[PDB]
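Notes follow once the structure below has been shown.
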Amino acid sequence: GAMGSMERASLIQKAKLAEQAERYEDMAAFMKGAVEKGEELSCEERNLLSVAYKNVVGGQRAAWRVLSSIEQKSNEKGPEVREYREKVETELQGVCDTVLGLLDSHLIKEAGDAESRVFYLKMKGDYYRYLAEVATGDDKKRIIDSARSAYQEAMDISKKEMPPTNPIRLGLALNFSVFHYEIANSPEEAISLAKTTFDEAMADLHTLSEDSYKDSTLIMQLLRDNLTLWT
Amino acid sequence: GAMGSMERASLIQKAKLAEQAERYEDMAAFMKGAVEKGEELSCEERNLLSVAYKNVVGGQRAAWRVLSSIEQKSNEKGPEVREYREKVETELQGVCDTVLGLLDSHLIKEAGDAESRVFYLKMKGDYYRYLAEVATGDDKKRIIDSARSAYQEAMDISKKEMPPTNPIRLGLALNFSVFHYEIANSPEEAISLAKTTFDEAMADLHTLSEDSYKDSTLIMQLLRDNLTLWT
Amino acid sequence: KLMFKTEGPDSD
Amino acid sequence: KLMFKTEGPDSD
Ligand SMILES: COc1cccc2cc(C(=N)N)sc12
Ligand SMILES: COc1cccc2cc(C(=N)N)sc12
Ligand SMILES: [Cl-]
Ligand SMILES: [Cl-]
Ligand SMILES: [Mg+2]
Ligand SMILES: [Mg+2]
Ligand SMILES: [Mg+2]
Ligand SMILES: [Mg+2]
C-alpha cells in the first residue's frame with residue numbers, strides 16, 4: 001500500500017486534517033493505511049475510519065441514484081447512460097469491497113470488546129447493505145443475507161453486553177430497521193424494531209449523565225423520524 | 001488518454017450526466033477527452049469544460065485554505081500539516097497545469113471568434129490566478145504576470161468586439177478586478193474596473209431582451225457585491 | 001429516492 | 001479567508 005511508509009500516528013493525524021478539509025477520499029486512504037499497520041483501533045480511530053468511508057460511499061450512492069433514475073426514465077439515447085451508471089456502480093462496489101476487506105483482514109477477528117466488535121459488525125452489515133442497494137444479479141439474495149447475518153450477530157452481542165441507550169447499539173438498531181424496511185421488504189419488522197428500540201432506550205435515559213443523554217436522544221430522534229414516515 | 005477510445009458525442013453526453021450526478025472529477029475527465037479529439041468546442045461545450053474544472057479546483061482551493069490556516073496557526077506537531085498541505089497544493093497545481101495545457105494545446109490558437117477567444121483567455125487568467133494563490137517561490141511574480149497578460153488580452157478583445165453587457169465580458173471584468181484586488185495588490189485598480197464595468201453595462205441594458213437582461217444583471221450583481229465589500 | 005434515516009454522516 | 005465574488009460555480 002502507498003501508505004506503507006508513513007507512521008501510524010502520522011496517518012491518523014492526517015486523517016483528522018483531511019476531515020477538517022472535507023477531503024474524505026484522502027481521509028479514507030489514510031485510515032486504510034492506519035488499519036493496515038495491523039494494530040487494533042481505538043474508539044476515536046474506529047469512528048475516523050467509519051466517517052471517512054461513509055462520506056466516500058455516500059457521494060457514490062447519491063450519484064448512483066441520480067443515474068439509475070435517468071436510466072429508468074430512458075427505458076433511444078444509446079448505451080451511455082447504462083455505461084456511466086455501471087462505471088459509478090463498479091466504483092461504489094470497489095469501496096464496499098475495500099471496507100469489507102479491512103473488516104475481514106483482520107479488524108473483526110481481533111475485536112473482543114462489545115464496543116469494538118458491535119461497531120465492526122454493524123459496519124459489515126452497512127456495506128453489504130450498500131452492495132444490496134445496487135444488486136440485481138443472482139448474488140442479490142446472498143448479499144442481502146450477508147448483511148442480515150452481520151447485523152444479527154451485532155444485535156445479539158449488543159443486547160447482551162450494552163445498555164439499551166448505548167449509542168452504538170442504537171445506531172445499529174436504526175440501520176438494521178432500515179435494512180428490514182427497504183432491503184428485506186419487511187416493513188413490519190422494521191417498525192417493530194424501531195419502536196422497541198426507542199421505548200427501551202426511553203426507559204433507560206434516567207441512568208445517564210447530561211452528555212450521555214444528549215448522545216442517546218440524538219439517535220432516538222432518528223428512530224422517531226423513520227417511525228413517523230413509516231406509520 | 002483513457003478517453004481516447006470513446007466517441008466525442010458520448011464524452012459530452014457523459015459530461016452532462018456527471019454534472020447531474022455532481023461527479024465533477026468525472027465531468028472534467030470527460031471534457032478533457034472531448035477537447036483532445038482536436039475539434040473546436042461549441043458554446044455549450046466550452047461551458048461544460050469550465051464548470052467541470054471550476055468545481056474540481058474549487059474543492060482543492062477550499063481544502064488548501066483550511067490546511068494553510070492550520071499550518072499558519074501551528075507556526076510543535078511535526079511535519080504532517082506541511083506535508084499534507086503540500087500534497088493538496090501539488091494536486092491543485094496539477095489540475096491548473098492540466099487546464100492550461102488544454103488551452104495551450106490547442107484551444108486558444110484555434111479560437112477566432114470573440115466569444116470563444118475571450119472565454120479561453122479568461123480561463124487562462126483564472127487558472128494562473130489559482131496558481132498564484134498558492135505560489136511562494138521565485139516563480140510567483142512570473143505566475144502573476146502570466147495571469148495579468150491573459151486577462152489583459154481577453155479584456156482588449158472584449159472591449160473591441162463585445163457589447164458592455166455581454167456576460168462573458170462581464171465575468172472577465174469581475175475576475176480581473178478580483179485579480180487586481182488580492183493578487184496584484186491593486187485595490188484601487190480593482191474598484192475602478194468594477195465600477196466602470198458596472199456603469200457601462202447599466203447604460204447598455206436598454207438594448208437587451210428580458211432573458212439577456214437577466215443574464216447580464218446576474219453578473220452585474222456580483223460586481224456590486226464586491227464593490228460593497230471594497231468600499 | 002426517499003432515503004430513510006441511518007447512522008452517521010448524511011453524505012448521500 | 002474572505003473570498004470575493006468571481007464568475008461561475010462558487011465551488012470553494
Ligand atoms: C470517541 O470518538 C468518537 C466517538 C463518536 C463519534 C466520533 C466522531 C469523530 C470524528 N468525526 N472525528 S471521533 C468520535
Ligand atoms: C450555451 O450554454 C451555456 C451558456 C452559459 C452557461 C452554461 C452552463 C452550462 C452547464 N452548466 N451545463 S451550459 C451553458
Ligand atoms: Cl463511462
Ligand atoms: Cl501527505
Ligand atoms: Mg454492475
Ligand atoms: Mg401491520
Ligand atoms: Mg509546493
Ligand atoms: Mg483611493
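All residue names refer to the C-alpha cells as shown: chains lettered A, B, ... in order, residues numbered from 1 in each chain, ligands numbered from 1 in order.
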
Selection: 9 Å around residue C:7, only C-alpha atoms, excl. self and same-chain fewer than 3 positions, as a VMD selection string: (chain A and resid 170 to 172 174 to 175 219 222) or (chain C and resid 10)

As a ChimeraX atom specification, please: the residues near residue D:1 (cut-off 9 Å, only C-alpha atoms, same-chain neighbours under 5 positions excluded).
/B:65-66,69

Contacts between ligand 4 and chain B, please, where a residue of chain B counts if it comes within 10 Å (with only C-alpha atoms and all ligand atoms); show its shortest atom pair and distance in Å to one decimal, rows by chain and ascending number, as CSV.
residue,atom,partner,partner_atom_place_in_ligand_line,distance
B:79,CA,ligand 4,1 (Cl),9.4
B:80,CA,ligand 4,1 (Cl),6.8
B:81,CA,ligand 4,1 (Cl),8.0
B:82,CA,ligand 4,1 (Cl),8.2
B:83,CA,ligand 4,1 (Cl),4.9
B:84,CA,ligand 4,1 (Cl),3.8
B:85,CA,ligand 4,1 (Cl),7.4
B:86,CA,ligand 4,1 (Cl),7.3
B:87,CA,ligand 4,1 (Cl),5.4
B:88,CA,ligand 4,1 (Cl),8.0

Those same residues, written as a PDB file, in the first residue's frame with N, CA, C and O atoms?
ATOM      1  N   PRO B  79       6.017  17.329  10.932  1.00  0.00           N
ATOM      2  CA  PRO B  79       5.913  17.786   9.538  1.00  0.00           C
ATOM      3  C   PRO B  79       4.576  17.512   8.869  1.00  0.00           C
ATOM      4  O   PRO B  79       4.414  17.882   7.702  1.00  0.00           O
ATOM      5  N   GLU B  80       3.625  16.883   9.562  1.00  0.00           N
ATOM      6  CA  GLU B  80       2.447  16.345   8.891  1.00  0.00           C
ATOM      7  C   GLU B  80       1.565  17.431   8.282  1.00  0.00           C
ATOM      8  O   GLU B  80       1.025  17.240   7.189  1.00  0.00           O
ATOM      9  N   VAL B  81       1.352  18.548   8.986  1.00  0.00           N
ATOM     10  CA  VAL B  81       0.489  19.594   8.436  1.00  0.00           C
ATOM     11  C   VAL B  81       1.094  20.142   7.149  1.00  0.00           C
ATOM     12  O   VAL B  81       0.417  20.252   6.116  1.00  0.00           O
ATOM     13  N   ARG B  82       2.388  20.476   7.185  1.00  0.00           N
ATOM     14  CA  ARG B  82       3.060  20.957   5.982  1.00  0.00           C
ATOM     15  C   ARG B  82       2.990  19.917   4.868  1.00  0.00           C
ATOM     16  O   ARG B  82       2.642  20.239   3.731  1.00  0.00           O
ATOM     17  N   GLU B  83       3.290  18.653   5.190  1.00  0.00           N
ATOM     18  CA  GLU B  83       3.268  17.601   4.175  1.00  0.00           C
ATOM     19  C   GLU B  83       1.900  17.503   3.510  1.00  0.00           C
ATOM     20  O   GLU B  83       1.803  17.387   2.285  1.00  0.00           O
ATOM     21  N   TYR B  84       0.829  17.519   4.310  1.00  0.00           N
ATOM     22  CA  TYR B  84      -0.499  17.326   3.735  1.00  0.00           C
ATOM     23  C   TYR B  84      -0.948  18.573   2.971  1.00  0.00           C
ATOM     24  O   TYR B  84      -1.533  18.461   1.884  1.00  0.00           O
ATOM     25  N   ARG B  85      -0.635  19.770   3.487  1.00  0.00           N
ATOM     26  CA  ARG B  85      -0.897  20.981   2.707  1.00  0.00           C
ATOM     27  C   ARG B  85      -0.159  20.940   1.369  1.00  0.00           C
ATOM     28  O   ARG B  85      -0.724  21.304   0.325  1.00  0.00           O
ATOM     29  N   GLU B  86       1.094  20.475   1.377  1.00  0.00           N
ATOM     30  CA  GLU B  86       1.859  20.315   0.141  1.00  0.00           C
ATOM     31  C   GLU B  86       1.209  19.308  -0.801  1.00  0.00           C
ATOM     32  O   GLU B  86       1.217  19.500  -2.021  1.00  0.00           O
ATOM     33  N   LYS B  87       0.678  18.210  -0.261  1.00  0.00           N
ATOM     34  CA  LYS B  87       0.049  17.203  -1.111  1.00  0.00           C
ATOM     35  C   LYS B  87      -1.152  17.791  -1.835  1.00  0.00           C
ATOM     36  O   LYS B  87      -1.301  17.624  -3.053  1.00  0.00           O
ATOM     37  N   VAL B  88      -2.013  18.499  -1.099  1.00  0.00           N
ATOM     38  CA  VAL B  88      -3.193  19.103  -1.714  1.00  0.00           C
ATOM     39  C   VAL B  88      -2.773  20.192  -2.690  1.00  0.00           C
ATOM     40  O   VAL B  88      -3.326  20.313  -3.791  1.00  0.00           O
TER      41      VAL B  88
END

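Taking only C-alpha atoms and all ligand atoms into account, ligand 7 lies nearest to B:64 out of the set B:53, B:64, B:230, B:30.
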
For this session: Could you report the residues within 12 Å of ligand 6, using only C-alpha atoms and all ligand atoms, as a PyMOL selection string?
Result: chain A and resi 186-192+230-231

Take the residues from that selection and put them in a file with N, CA, C and O atoms, as a PDB file, in the first residue's frame.
ATOM      1  N   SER A 186     -39.422  -6.049   4.652  1.00  0.00           N
ATOM      2  CA  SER A 186     -40.060  -6.415   5.914  1.00  0.00           C
ATOM      3  C   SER A 186     -40.405  -5.152   6.708  1.00  0.00           C
ATOM      4  O   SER A 186     -39.848  -4.914   7.783  1.00  0.00           O
ATOM      5  N   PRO A 187     -41.317  -4.321   6.189  1.00  0.00           N
ATOM      6  CA  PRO A 187     -41.651  -3.079   6.910  1.00  0.00           C
ATOM      7  C   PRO A 187     -42.166  -3.321   8.317  1.00  0.00           C
ATOM      8  O   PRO A 187     -41.895  -2.506   9.207  1.00  0.00           O
ATOM      9  N   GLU A 188     -42.890  -4.413   8.551  1.00  0.00           N
ATOM     10  CA  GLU A 188     -43.410  -4.657   9.893  1.00  0.00           C
ATOM     11  C   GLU A 188     -42.280  -4.940  10.879  1.00  0.00           C
ATOM     12  O   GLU A 188     -42.288  -4.424  12.004  1.00  0.00           O
ATOM     13  N   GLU A 189     -41.290  -5.738  10.469  1.00  0.00           N
ATOM     14  CA  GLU A 189     -40.124  -5.972  11.314  1.00  0.00           C
ATOM     15  C   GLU A 189     -39.383  -4.670  11.584  1.00  0.00           C
ATOM     16  O   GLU A 189     -38.913  -4.425  12.705  1.00  0.00           O
ATOM     17  N   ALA A 190     -39.267  -3.825  10.561  1.00  0.00           N
ATOM     18  CA  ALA A 190     -38.594  -2.538  10.718  1.00  0.00           C
ATOM     19  C   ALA A 190     -39.285  -1.687  11.772  1.00  0.00           C
ATOM     20  O   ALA A 190     -38.636  -1.116  12.658  1.00  0.00           O
ATOM     21  N   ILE A 191     -40.610  -1.573  11.672  1.00  0.00           N
ATOM     22  CA  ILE A 191     -41.366  -0.739  12.603  1.00  0.00           C
ATOM     23  C   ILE A 191     -41.265  -1.297  14.017  1.00  0.00           C
ATOM     24  O   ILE A 191     -41.033  -0.559  14.983  1.00  0.00           O
ATOM     25  N   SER A 192     -41.432  -2.611  14.157  1.00  0.00           N
ATOM     26  CA  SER A 192     -41.335  -3.239  15.470  1.00  0.00           C
ATOM     27  C   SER A 192     -39.966  -3.002  16.093  1.00  0.00           C
ATOM     28  O   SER A 192     -39.858  -2.637  17.272  1.00  0.00           O
ATOM     29  N   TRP A 230     -42.985   5.915   8.436  1.00  0.00           N
ATOM     30  CA  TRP A 230     -43.432   4.549   8.197  1.00  0.00           C
ATOM     31  C   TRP A 230     -44.835   4.270   8.713  1.00  0.00           C
ATOM     32  O   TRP A 230     -45.423   3.251   8.337  1.00  0.00           O
ATOM     33  N   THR A 231     -45.374   5.127   9.573  1.00  0.00           N
ATOM     34  CA  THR A 231     -46.672   4.868  10.185  1.00  0.00           C
ATOM     35  C   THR A 231     -47.586   6.083  10.086  1.00  0.00           C
ATOM     36  O   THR A 231     -47.466   6.886   9.163  1.00  0.00           O
TER      37      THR A 231
END
